[PDB]
Each structure stands twice: as structure tokens, then as C-alpha cells.
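The structure appears below as C-alpha cells.
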Amino acid sequence: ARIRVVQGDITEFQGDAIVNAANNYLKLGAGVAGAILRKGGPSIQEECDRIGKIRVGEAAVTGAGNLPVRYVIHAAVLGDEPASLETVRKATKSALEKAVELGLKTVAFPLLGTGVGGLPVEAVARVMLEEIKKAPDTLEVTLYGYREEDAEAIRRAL
């Protein structure tokens with residue numbers, strides 16, 4: 001895979017899709033998921049509802065409403081199970097698996113598990129980069145740090 005690192009609002013990403021740090025109930029509540037719902041519109045939650053609960057570690061795909069991107073890949077990092085580097089690794093792999101299957105060429109990922117999940121940026125960046133590097137070169141993953149120091153931490157892990 002190809003990798004870019006930026007600092008900013010993931011909802012403004014211009015590409016094929018963005019990954020949402022989701023709970024397995026696919027409920028857009030706390031975190032940026034709330035901003036995603038806000039800017040994307042209720043259609044995102046509606047599609048999530050139609051899908052129903054999934055298992056922590058898995059991912060689900062829906063449209064992105066009014067977001068510049070086409071899809072929102074919901075990576076379930078916590079909920080019925082606590083966030084951990086293990087759930088982060090699994091959710092990342094699942095999100096990537098969905099991206100490849102849709103033949104996407106540009107997808108943005110946040111540091112899964114570091115928001116509501118409360119996991120450390122350095123450890124999460126490491127785990128996610130290991131999984132991302134296994135993806136095909138046809139896919140370019142943009143990692144978003146919500147603070148400049150987070151983006152800098154991701155770059156140090158490259």
C-alpha cells in the first residue's frame with residue numbers, strides 16, 4: 001500500500017472513503033462518529049440501522065451521505081468488547097479487506113481506538129501501520145492525526 005499522513009478533519013477527506021471508529025452496534029454517537037453523522041447526514045445512521053449489530057473486530061460499509069467521499073467503512077473497535085491493540089489490529093484488517101473488495105484507491109483512517117477507546121497513539125500507530133503495509137499498492141491509505149502531535153507521532157512510526 002501507499003501511505004500519506006495528514007493532520008485535520010477526516011470528514012473533509014477527498015477520496016473514495018473514510019473509516020469511522022465504530023462500536024459494534026454501528027451507533028454513530030460519541031467521538032468523531034458524531035461529527036461524521038452531523039456532516040454526512042442521517043442517511044448514514046439509517047444504513048447502519050439496516051445492517052444491524054456486527055462483531056467487534058469486523059467492519060461494515062455504508063454510503064457517506066453529504067461527505068465528499070463515497071463510502072464510510074465502519075470499523076468496530078469496541079462495544080460488547082473493550083478496545084485493545086488486538087481489536088484495533090482486527091478492525092484495521094477488516095476495514096482494509098472491505099476497501100480492497102470495493103476496489104478503492106484512496107481511503108482515510110483515523111487512529112482507531114485512541115478516541116473513545118482510550119488507547120495510546122504510539123502503540124496504535126504501530127499496529128495499524130503493520131496491517132496497512134500488507135495491503136496492495138493499488139490502495140493509498142491516508143492516516144489522520146487529529147492533533148499535529150499525533151500526525152507527527154504517526155510519521156515517526158513510518
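As shown in the C-alpha cells, the chain order sets the letters A, B, ...; within each chain, residues go from 1, and ligands are also counted from 1 in the order they appear.
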Problem set entry | alpha helix (DSSP H) residues, from DSSP on the backbone, in segment 31-61 of chain A, as a PyMOL selection string | chain A and resi 33-40+43-51
For this session: Would you list the contacts of residue 124 of chain A as a PyMOL selection string, taking every protein, DNA or RNA residue within 9 Å and counting only C-alpha atoms, but skipping same-chain residues closer than 6 positions in sequence?
Result: chain A and resi 85+88-89+111-114
Preceding selection exported with N, CA, C and O atoms as an mmCIF file, in the first residue's frame:
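So the final result, stored in result-v5.cif, reads:
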data_model
loop_
_atom_site.group_PDB
_atom_site.id
_atom_site.type_symbol
_atom_site.label_atom_id
_atom_site.label_comp_id
_atom_site.auth_asym_id
_atom_site.auth_seq_id
_atom_site.Cartn_x
_atom_site.Cartn_y
_atom_site.Cartn_z
ATOM 1 N N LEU A 85 -5.328 -3.229 21.515
ATOM 2 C CA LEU A 85 -4.493 -3.260 20.322
ATOM 3 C C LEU A 85 -4.957 -4.417 19.457
ATOM 4 O O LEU A 85 -4.869 -4.369 18.233
ATOM 5 N N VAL A 88 -7.984 -3.385 17.619
ATOM 6 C CA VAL A 88 -7.563 -2.381 16.637
ATOM 7 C C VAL A 88 -6.947 -3.076 15.410
ATOM 8 O O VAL A 88 -7.247 -2.724 14.270
ATOM 9 N N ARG A 89 -6.091 -4.064 15.655
ATOM 10 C CA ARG A 89 -5.461 -4.803 14.565
ATOM 11 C C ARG A 89 -6.542 -5.455 13.701
ATOM 12 O O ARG A 89 -6.528 -5.339 12.475
ATOM 13 N N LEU A 111 -6.826 7.202 13.925
ATOM 14 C CA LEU A 111 -6.080 6.302 14.801
ATOM 15 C C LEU A 111 -7.123 5.575 15.628
ATOM 16 O O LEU A 111 -7.489 6.011 16.713
ATOM 17 N N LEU A 112 -7.602 4.462 15.087
ATOM 18 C CA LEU A 112 -8.638 3.660 15.723
ATOM 19 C C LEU A 112 -8.311 3.297 17.163
ATOM 20 O O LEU A 112 -7.195 2.865 17.464
ATOM 21 N N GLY A 113 -9.293 3.487 18.039
ATOM 22 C CA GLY A 113 -9.121 3.150 19.443
ATOM 23 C C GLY A 113 -8.493 4.219 20.318
ATOM 24 O O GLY A 113 -8.439 4.055 21.536
ATOM 25 N N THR A 114 -8.017 5.313 19.724
ATOM 26 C CA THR A 114 -7.382 6.370 20.520
ATOM 27 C C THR A 114 -8.345 7.461 20.982
ATOM 28 O O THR A 114 -7.952 8.349 21.741
#
For residue 19 of chain A, list every protein, DNA or RNA residue within 12 Å, evaluated using only C-alpha atoms, and leave out those in the same chain fewer than 5 positions away; present the list as a tab-separated table (two decimals) with N, CA, C and O atoms, in the first residue's frame.
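result_0.tsv, freshly written:
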chain	number	residue	atom	x	y	z
A	10	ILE	N	-11.02	14.53	9.31
A	10	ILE	CA	-11.19	13.42	8.40
A	10	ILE	C	-12.46	13.51	7.56
A	10	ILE	O	-12.52	12.98	6.45
A	11	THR	N	-13.46	14.23	8.06
A	11	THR	CA	-14.71	14.34	7.31
A	11	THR	C	-14.56	15.15	6.02
A	11	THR	O	-15.44	15.11	5.16
A	13	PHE	N	-11.95	14.74	4.03
A	13	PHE	CA	-11.10	13.96	3.15
A	13	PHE	C	-11.76	13.85	1.78
A	13	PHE	O	-12.97	13.63	1.68
A	32	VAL	N	-15.74	11.24	16.81
A	32	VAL	CA	-15.84	11.87	15.51
A	32	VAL	C	-17.03	11.27	14.78
A	32	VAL	O	-17.59	11.89	13.87
A	33	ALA	N	-17.41	10.06	15.18
A	33	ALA	CA	-18.56	9.40	14.57
A	33	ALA	C	-19.73	10.39	14.62
A	33	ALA	O	-20.56	10.44	13.71
A	36	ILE	N	-19.20	12.85	11.91
A	36	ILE	CA	-19.45	12.16	10.65
A	36	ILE	C	-20.96	12.20	10.39
A	36	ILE	O	-21.41	12.60	9.31
A	59	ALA	N	-16.01	-5.04	10.20
A	59	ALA	CA	-16.29	-3.75	9.58
A	59	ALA	C	-17.52	-3.83	8.70
A	59	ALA	O	-17.85	-4.89	8.17
A	60	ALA	N	-18.20	-2.70	8.55
A	60	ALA	CA	-19.40	-2.63	7.72
A	60	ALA	C	-19.30	-1.41	6.82
A	60	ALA	O	-18.74	-0.38	7.22
A	61	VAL	N	-19.84	-1.52	5.61
A	61	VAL	CA	-19.78	-0.43	4.66
A	61	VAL	C	-21.15	0.22	4.41
A	61	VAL	O	-22.15	-0.47	4.29
A	62	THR	N	-21.17	1.55	4.34
A	62	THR	CA	-22.40	2.30	4.05
A	62	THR	C	-22.04	3.50	3.18
A	62	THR	O	-20.86	3.78	2.94
A	63	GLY	N	-23.06	4.21	2.70
A	63	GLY	CA	-22.80	5.40	1.91
A	63	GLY	C	-22.29	6.47	2.86
A	63	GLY	O	-22.34	6.28	4.07
A	64	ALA	N	-21.82	7.59	2.32
A	64	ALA	CA	-21.29	8.67	3.14
A	64	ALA	C	-22.15	9.94	3.14
A	64	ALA	O	-21.68	11.02	3.48
A	69	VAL	N	-16.47	12.05	0.27
A	69	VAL	CA	-16.21	10.67	-0.09
A	69	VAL	C	-17.48	9.92	-0.48
A	69	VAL	O	-18.58	10.43	-0.32
A	70	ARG	N	-17.30	8.71	-0.99
A	70	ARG	CA	-18.40	7.85	-1.42
A	70	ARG	C	-18.88	6.88	-0.35
A	70	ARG	O	-20.08	6.62	-0.23
A	71	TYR	N	-17.95	6.34	0.43
A	71	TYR	CA	-18.31	5.37	1.46
A	71	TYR	C	-17.73	5.68	2.83
A	71	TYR	O	-16.74	6.40	2.95
A	72	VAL	N	-18.37	5.11	3.84
A	72	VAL	CA	-17.89	5.20	5.21
A	72	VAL	C	-17.72	3.73	5.58
A	72	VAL	O	-18.67	2.95	5.50
A	73	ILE	N	-16.50	3.34	5.95
A	73	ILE	CA	-16.22	1.97	6.35
A	73	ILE	C	-16.20	2.00	7.87
A	73	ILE	O	-15.33	2.61	8.48
A	74	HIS	N	-17.20	1.37	8.49
A	74	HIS	CA	-17.29	1.34	9.94
A	74	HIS	C	-16.49	0.19	10.53
A	74	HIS	O	-16.85	-0.97	10.38
A	75	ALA	N	-15.38	0.52	11.19
A	75	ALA	CA	-14.52	-0.48	11.81
A	75	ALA	C	-14.86	-0.56	13.29
A	75	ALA	O	-14.56	0.35	14.05
A	76	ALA	N	-15.48	-1.67	13.69
A	76	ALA	CA	-15.92	-1.87	15.07
A	76	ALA	C	-14.75	-2.14	15.99
A	76	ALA	O	-14.24	-3.26	16.05
A	77	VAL	N	-14.32	-1.12	16.73
A	77	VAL	CA	-13.18	-1.26	17.64
A	77	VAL	C	-13.53	-1.54	19.11
A	77	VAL	O	-12.66	-1.92	19.89
A	91	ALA	N	-9.84	-4.75	13.50
A	91	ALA	CA	-10.71	-3.78	12.85
A	91	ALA	C	-9.98	-3.17	11.65
A	91	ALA	O	-10.58	-2.94	10.59
A	92	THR	N	-8.69	-2.93	11.81
A	92	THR	CA	-7.92	-2.33	10.71
A	92	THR	C	-7.90	-3.30	9.53
A	92	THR	O	-8.19	-2.92	8.40
A	93	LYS	N	-7.57	-4.55	9.81
A	93	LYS	CA	-7.51	-5.56	8.76
A	93	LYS	C	-8.87	-5.69	8.07
A	93	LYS	O	-8.94	-5.77	6.84
A	94	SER	N	-9.94	-5.68	8.85
A	94	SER	CA	-11.28	-5.81	8.29
A	94	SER	C	-11.64	-4.62	7.41
A	94	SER	O	-12.26	-4.79	6.35
A	95	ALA	N	-11.25	-3.42	7.84
A	95	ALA	CA	-11.53	-2.21	7.09
A	95	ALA	C	-10.78	-2.28	5.76
A	95	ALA	O	-11.32	-1.93	4.71
A	96	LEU	N	-9.52	-2.72	5.83
A	96	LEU	CA	-8.70	-2.83	4.62
A	96	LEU	C	-9.31	-3.87	3.69
A	96	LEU	O	-9.34	-3.69	2.47
A	98	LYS	N	-12.38	-4.65	3.33
A	98	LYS	CA	-13.53	-4.06	2.65
A	98	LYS	C	-13.09	-3.11	1.55
A	98	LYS	O	-13.65	-3.10	0.45
A	99	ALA	N	-12.06	-2.31	1.83
A	99	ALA	CA	-11.55	-1.35	0.87
A	99	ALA	C	-11.06	-2.03	-0.41
A	99	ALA	O	-11.33	-1.56	-1.51
A	106	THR	N	-8.26	5.22	-2.69
A	106	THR	CA	-7.89	6.17	-1.64
A	106	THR	C	-8.85	6.05	-0.45
A	106	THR	O	-10.06	6.22	-0.60
A	107	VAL	N	-8.31	5.75	0.73
A	107	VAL	CA	-9.13	5.61	1.93
A	107	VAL	C	-8.43	6.28	3.09
A	107	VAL	O	-7.21	6.20	3.19
A	108	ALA	N	-9.18	6.98	3.93
A	108	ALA	CA	-8.61	7.66	5.08
A	108	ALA	C	-8.97	6.90	6.34
A	108	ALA	O	-10.10	6.44	6.49
A	109	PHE	N	-7.99	6.76	7.23
A	109	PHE	CA	-8.16	6.06	8.50
A	109	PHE	C	-7.77	6.98	9.65
A	109	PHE	O	-6.82	7.77	9.53
A	110	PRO	N	-8.50	6.92	10.77
A	110	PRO	CA	-8.17	7.74	11.94
A	110	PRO	C	-7.34	6.76	12.78
A	110	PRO	O	-7.18	5.60	12.38
A	111	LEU	N	-6.83	7.20	13.92
A	111	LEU	CA	-6.08	6.30	14.80
A	111	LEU	C	-7.12	5.58	15.63
A	111	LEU	O	-7.49	6.01	16.71
A	112	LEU	N	-7.60	4.46	15.09
A	112	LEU	CA	-8.64	3.66	15.72
A	112	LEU	C	-8.31	3.30	17.16
A	112	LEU	O	-7.20	2.86	17.46
A	141	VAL	N	-3.51	4.65	1.53
A	141	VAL	CA	-4.16	4.92	2.81
A	141	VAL	C	-3.64	6.23	3.40
A	141	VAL	O	-2.43	6.42	3.51
A	142	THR	N	-4.55	7.13	3.75
A	142	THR	CA	-4.16	8.38	4.38
A	142	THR	C	-4.52	8.24	5.85
A	142	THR	O	-5.67	8.00	6.19
A	143	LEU	N	-3.52	8.36	6.71
A	143	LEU	CA	-3.73	8.27	8.14
A	143	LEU	C	-3.92	9.68	8.67
A	143	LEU	O	-3.11	10.55	8.39
A	144	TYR	N	-4.99	9.89	9.44
A	144	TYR	CA	-5.28	11.19	10.02
A	144	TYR	C	-4.94	11.26	11.50
A	144	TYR	O	-5.32	10.38	12.26
For this session: Run DSSP on the backbone and grab whatever in segment 37-137 of chain A lands in strand (DSSP E or B); send it over as number ranges by chain.
Result: A: 59-63, 71-78, 106-109
Problem set entry | Among the residues A:127, A:6, A:1, A:37, the one that comes closest to residue 148 of chain A [using only C-alpha atoms] |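 For residue 148 of chain A, the nearest of the given residues is A:6.
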For this session: Find the residues near residue 49 of chain A: any atom within 12 Å, counting only C-alpha atoms, skip ones fewer than 5 places away on the same chain, and give them as JSON, numbers by chain.
Result: {"A": [24, 25, 26, 27, 28, 42, 43, 44, 54, 60, 61, 62]}
Requested write-out: N, CA, C and O atoms of the selected residues, as a PDB file, in the first residue's frame:
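out34.pdb, freshly written:
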ATOM      1  N   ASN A  24     -19.593  -1.838  17.866  1.00  0.00           N
ATOM      2  CA  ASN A  24     -20.193  -2.905  17.058  1.00  0.00           C
ATOM      3  C   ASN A  24     -21.699  -2.768  16.857  1.00  0.00           C
ATOM      4  O   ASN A  24     -22.294  -3.514  16.080  1.00  0.00           O
ATOM      5  N   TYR A  25     -22.317  -1.807  17.539  1.00  0.00           N
ATOM      6  CA  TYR A  25     -23.755  -1.578  17.375  1.00  0.00           C
ATOM      7  C   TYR A  25     -23.986  -0.656  16.188  1.00  0.00           C
ATOM      8  O   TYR A  25     -25.130  -0.392  15.816  1.00  0.00           O
ATOM      9  N   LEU A  26     -22.892  -0.168  15.605  1.00  0.00           N
ATOM     10  CA  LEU A  26     -22.937   0.749  14.476  1.00  0.00           C
ATOM     11  C   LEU A  26     -23.724   2.009  14.811  1.00  0.00           C
ATOM     12  O   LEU A  26     -24.374   2.591  13.951  1.00  0.00           O
ATOM     13  N   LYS A  27     -23.661   2.424  16.074  1.00  0.00           N
ATOM     14  CA  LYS A  27     -24.356   3.626  16.504  1.00  0.00           C
ATOM     15  C   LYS A  27     -23.395   4.805  16.432  1.00  0.00           C
ATOM     16  O   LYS A  27     -22.361   4.808  17.100  1.00  0.00           O
ATOM     17  N   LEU A  28     -23.725   5.798  15.613  1.00  0.00           N
ATOM     18  CA  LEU A  28     -22.870   6.977  15.491  1.00  0.00           C
ATOM     19  C   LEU A  28     -23.209   7.881  16.660  1.00  0.00           C
ATOM     20  O   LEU A  28     -24.207   8.606  16.637  1.00  0.00           O
ATOM     21  N   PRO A  42     -28.298  12.043   8.368  1.00  0.00           N
ATOM     22  CA  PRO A  42     -28.926  10.842   8.927  1.00  0.00           C
ATOM     23  C   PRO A  42     -28.934   9.595   8.042  1.00  0.00           C
ATOM     24  O   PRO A  42     -29.118   8.488   8.544  1.00  0.00           O
ATOM     25  N   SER A  43     -28.738   9.750   6.738  1.00  0.00           N
ATOM     26  CA  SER A  43     -28.753   8.568   5.879  1.00  0.00           C
ATOM     27  C   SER A  43     -27.697   7.557   6.331  1.00  0.00           C
ATOM     28  O   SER A  43     -27.906   6.348   6.236  1.00  0.00           O
ATOM     29  N   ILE A  44     -26.571   8.046   6.846  1.00  0.00           N
ATOM     30  CA  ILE A  44     -25.515   7.143   7.301  1.00  0.00           C
ATOM     31  C   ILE A  44     -26.005   6.238   8.428  1.00  0.00           C
ATOM     32  O   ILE A  44     -25.786   5.024   8.407  1.00  0.00           O
ATOM     33  N   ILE A  54     -22.868  -5.900  14.536  1.00  0.00           N
ATOM     34  CA  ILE A  54     -21.860  -6.780  13.966  1.00  0.00           C
ATOM     35  C   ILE A  54     -20.984  -7.146  15.144  1.00  0.00           C
ATOM     36  O   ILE A  54     -21.318  -6.819  16.281  1.00  0.00           O
ATOM     37  N   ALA A  60     -18.196  -2.704   8.550  1.00  0.00           N
ATOM     38  CA  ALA A  60     -19.396  -2.633   7.725  1.00  0.00           C
ATOM     39  C   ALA A  60     -19.297  -1.410   6.824  1.00  0.00           C
ATOM     40  O   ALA A  60     -18.744  -0.383   7.216  1.00  0.00           O
ATOM     41  N   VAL A  61     -19.835  -1.522   5.614  1.00  0.00           N
ATOM     42  CA  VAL A  61     -19.784  -0.428   4.659  1.00  0.00           C
ATOM     43  C   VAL A  61     -21.146   0.221   4.411  1.00  0.00           C
ATOM     44  O   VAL A  61     -22.155  -0.475   4.294  1.00  0.00           O
ATOM     45  N   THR A  62     -21.168   1.551   4.345  1.00  0.00           N
ATOM     46  CA  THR A  62     -22.396   2.297   4.047  1.00  0.00           C
ATOM     47  C   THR A  62     -22.041   3.500   3.182  1.00  0.00           C
ATOM     48  O   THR A  62     -20.862   3.778   2.938  1.00  0.00           O
TER      49      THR A  62
END
For this session: Please measure the separation of atom CA of residue 23 of chain A and atom CA of residue 7 of chain A, giving the value in Å to one decimal.
Result: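 Separating atom CA of residue 23 of chain A from atom CA of residue 7 of chain A is a distance of 23.5 Å.
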